[PDB]
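Residue numbers (PDB author numbering), protein chains in the order written: chain P, 2 to 45; chain Z, 2 to 122; chain E, 1 to 111; chain F, 4 to 90; chain N, 2 to 51.
The beta-carbon is built from N, C-alpha and C at its ideal position, and this holds for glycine as well.
Taking it in order: structure first as structure tokens, then the write-up.
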Amino acid sequence: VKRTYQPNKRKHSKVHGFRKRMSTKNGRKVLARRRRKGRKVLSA
Amino acid sequence: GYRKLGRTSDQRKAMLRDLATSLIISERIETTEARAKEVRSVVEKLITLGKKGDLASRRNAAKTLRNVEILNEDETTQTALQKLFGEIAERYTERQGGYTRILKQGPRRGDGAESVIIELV
Amino acid sequence: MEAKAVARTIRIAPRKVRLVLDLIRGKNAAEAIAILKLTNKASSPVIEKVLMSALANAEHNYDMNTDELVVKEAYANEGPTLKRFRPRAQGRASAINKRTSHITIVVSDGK
Amino acid sequence: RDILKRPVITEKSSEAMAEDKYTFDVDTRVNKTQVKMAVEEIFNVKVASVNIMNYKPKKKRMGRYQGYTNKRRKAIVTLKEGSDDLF
Amino acid sequence: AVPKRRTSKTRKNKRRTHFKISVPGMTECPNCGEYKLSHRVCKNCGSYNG
RNA sequence: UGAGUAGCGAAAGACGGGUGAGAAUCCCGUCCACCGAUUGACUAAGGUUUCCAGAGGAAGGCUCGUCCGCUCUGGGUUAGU
RNA sequence: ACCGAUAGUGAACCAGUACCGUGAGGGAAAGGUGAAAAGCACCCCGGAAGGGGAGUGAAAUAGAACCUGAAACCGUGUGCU
């Protein structure tokens, strides 16, 4: 039975990576909310 | 049959052939209460063939005994068919039955079954 | 007077321990040892060591003779529980309790 | 320069001394050409070839806190003449 | 079929009236000096005399 | 409380000798048994030290364990093609 | 004329941590030996854990799962039935 999650290194970085979040105006706001929260990992 | 010992028909008779052979190689083994109660018939009937010592009796014994090699002392290696017709058969030429004995030991750890000692008298 | 020995936090359920304990109450010292050595239970080796260690105290810390000794007290208490889990069907789980006991043996000369 | 950090003395390196092969710990961001030119000026020894490899941090836990060790770069140098004379 | 009512500890103790074990049935061995199982050997020396 | 009740996840093991406080379950040997267009041999993705040696038995292993993909201490990955 | 560890910030402990989700995101439980470590030299039962003496301490049922220690619940012995 095929499941929902099939891990992949390339996809996890090109969709949720740091440079993907920095490339759009609404992605920089995501990093600002996590910086204010105090998360040890800002992005995947 | 007499009792089944929780085994299939084909694999029960294979276990009895191994138990009978081992009681000839070492002449003293330790096993379960129920298994030893029915190895008596197999072993004691096999010595009867050995006493006769016929060609028809020897081929009728080769269909129950396994193929192994005897090597304990420095002498030449021997089989199990040769040993039964050459050494065991000469110790009971004056005895009418009762070739084996059973001695109880007690329950064993982890299982609760009792072990017994069976050997050729 | 009375000598005692205690063993704490033994990985055996208290309900199973008390089955063997009721067979040695008031018995002779040699009788109690013989009974524990001839039973094929799980707690028989454990309880015997507590009894044999209680007899050693009566012969060393006090001036007693170990031929008239009797078992005056023998009971099992309970200790902390180890809580594990087991996965059942349909994605849920059930709890598993791993219980422990405290075993005590008291030997009395009499008087 | 001070590219080399420490010598490596292990069970596998002991049998590698019979072939005039020495094991050193080097800086992480150097190439084996730089390591080649560092032995020749410290011990004054002519070298033949240099091998090098990289490792990964190991998760080692002591007490209650988990952490990682440092990444290690290890180099094996083959000598045609002379001897380094490690004590 | 779930239980309809909680079981009190009076019923539980009554039910376990016959939940018990007994002595193995040991006898003295007149070679070792200590008790042994009937129809079995002495564990200290392996003497099933007689 | 249900209760020492349900279950313990497809299946063939037997005996001899050792270790050990403790062995049906750990090692060595013999016999029997099962797959063999695969339960055999490589490798991509993914996991990231689970790989090796010497020690240990609280917890994990649906039982036991002297054993382990579990604990401690040290090791292991070498390219001009 | 505010709280005193289920309270007070989610966080009195290395907490936005464990952990859960592809992701945005959600989000815990855990304080107390003694004035002073003076943390049990030594003897006995084991393979060890643990226990009985001796000793330190005003107190060791203050022995590091450590200030007091209620109830549910689980065991032993006894007077009446």
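- At least 8 Å separates the beta-carbon of residue 43 of chain Z from that of residue 101 of chain Z.
- The beta carbons of residue 48 of chain Z and residue 84 of chain Z sit no closer together than 8 Å.
- Membership of residue 39 of chain N in any beta strand (DSSP E) is not indicated, and neither H nor E is assigned to it by DSSP.
- Cβ proximity to chain N below 9 Å picks out 30, 31, 33, 34, 35, 37, 38, 39, 40 and 41 from the stretch 25-50 of chain E.
- Shown here, residue 104 of chain E sits in a strand according to DSSP, grouped into three states.
- Interface flag for residue 49 of chain N against chain E is unset, since no Cβ pair is found closer than 8 Å.
- For residue 63 of chain Z, the three-state secondary structure derived from DSSP is coil.
- CA-to-CA, the gap between residue 34 of chain E and residue 96 of chain E works out to about 35 Å.
- Residue 30 of chain E is classed as exposed because its beta carbon has fewer than 16 other beta carbons within 10 Å across all chains shown.
- Listed by position along chain E, the residues whose Cβ is nearer than 7 Å to that of residue 25 of chain N are 38 and 39.
- Taking the CA atoms as reference points, residue 67 of chain F sits about 22 Å from residue 84 of chain E.
- Annotation note: the stretch 21-49 of chain E contains the following uninterrupted alpha helix (DSSP H) runs of length 4 or greater, listed N- to C-terminal: 29-37.
- Here residue 37 of chain P is not near residue 43 of chain P, since their CB atoms are 8 Å or more apart.
- Here the alpha carbons of residue 81 of chain Z and residue 64 of chain Z stand approximately 13 Å from one another.
- With respect to residue 49 of chain N, residue 104 of chain Z sits close: the two C-beta atoms are nearer than 8 Å.
- DSSP places residue 19 of chain P inside the alpha helix (DSSP H), whose first and last residues are 19-22.
- At least one beta carbon of chain Z lies nearer than 8 Å to the beta carbon of residue 41 of chain N.
- Secondary structure note for residue 43 of chain P: it is in no beta strand (DSSP E), with a DSSP letter that is neither H nor E.
- Between residue 20 of chain E and residue 41 of chain E, the beta carbon gap of about 5 Å places them in contact (Cβ cut-off 8 Å).
- Between the stretch 91-111 of chain E and the stretch 49-65 of chain E, the count of Cβ pairs shorter than 8 Å is three or higher; the stretches touch.
- Within 10 angstroms of the beta-carbon of residue 13 of chain F lie fewer than 16 other beta-carbons, which makes it exposed.
- Judged by DSSP secondary structure, residue 51 of chain Z falls within the alpha helix (DSSP H) whose first and last residues are 34-53.
- For the 8 Å CB-CB criterion, residue 29 of chain P and residue 22 of chain P form a contact.
- Approximately 39 Å separates the beta-carbon atoms of residue 8 of chain E and residue 91 of chain E; this is outside 8 Å, ruling out the contact.
- The beta carbon of residue 107 of chain Z falls within 8 Å of a beta carbon belonging to chain N, placing the residue at that interface.
- Within the same chain, 70 and 72 come within 6 Å of residue 78 of chain Z by CB-CB distance, once the 5 residues on both sides are set aside.
- Scanning its chain for C-beta atoms nearer than 6 Å, with the 5 sequence neighbours on each side dropped, one finds around residue 79 of chain F the residues 24, 26 and 54, in chain order.
- Rounded to the nearest angstrom, the Cβ distance from residue 4 of chain Z to residue 16 of chain Z is 13 Å, too far for a contact under 8 Å.
- Annotation: residue 9 of chain N is outside any beta strand (DSSP E) and is labelled neither H nor E by DSSP.
- Counting along the chain, the unbroken beta strand (DSSP E) around residue 70 of chain E starts and ends at 70-78.
- In this structure, residue 51 of chain F sits near residue 83 of chain F, with a CB-CB distance shorter than 8 Å.
- The C-beta of residue 104 of chain Z comes closer than 8 Å to at least one C-beta of chain N.
- In this structure residue 55 of chain E is in contact with residue 66 of chain E, their Cβ atoms being roughly 6 Å apart against a cut-off of 8 Å.
- In chain order, 36, 37 and 38 place their CB closer than 7 Å to the CB of residue 27 of chain N, counting only its own chain and leaving out the 5 sequence neighbours on each side.
- Residue 31 of chain Z is positioned such that its CB atom lies no closer than 8 Å to that of residue 115 of chain Z.
- Ranked by how close their Cα comes to the Cα of residue 42 of chain N, the residues Z:113, Z:111, Z:62 and Z:107 have Z:107 in first place.
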